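Numbering (the authors' numbering), first residue to last: 1 to 26.
We put the CB at the ideal spot given by N, CA and C, even for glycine.
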């Protein structure tokens with residue numbers, strides 16, 4: 001089974017947090 005629809009929809013936001021953290025840094 002492959003919930004593509006869900007995979008597509010679900011995995012929408014995620015790459016940001018990282019990039020965000022990386023950019024914002026500390």
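Sequence-distant residues of the same chain with beta carbon closer than 6 Å to residue i, five excluded per side
| i | result |
| --- | --- |
| residue 12 | none |
Rounded separation between residue i and residue j - CA only
| i | j | result |
| --- | --- | --- |
| residue 1 | residue 7 | 12 Å |
| residue 10 | residue 16 | 14 Å |
| residue 3 | residue 25 | 34 Å |
| residue 14 | residue 5 | 17 Å |
Own chain residues within Cβ distance below 7 Å of residue i, not counting five before or after
| i | result |
| --- | --- |
| residue 18 | none |
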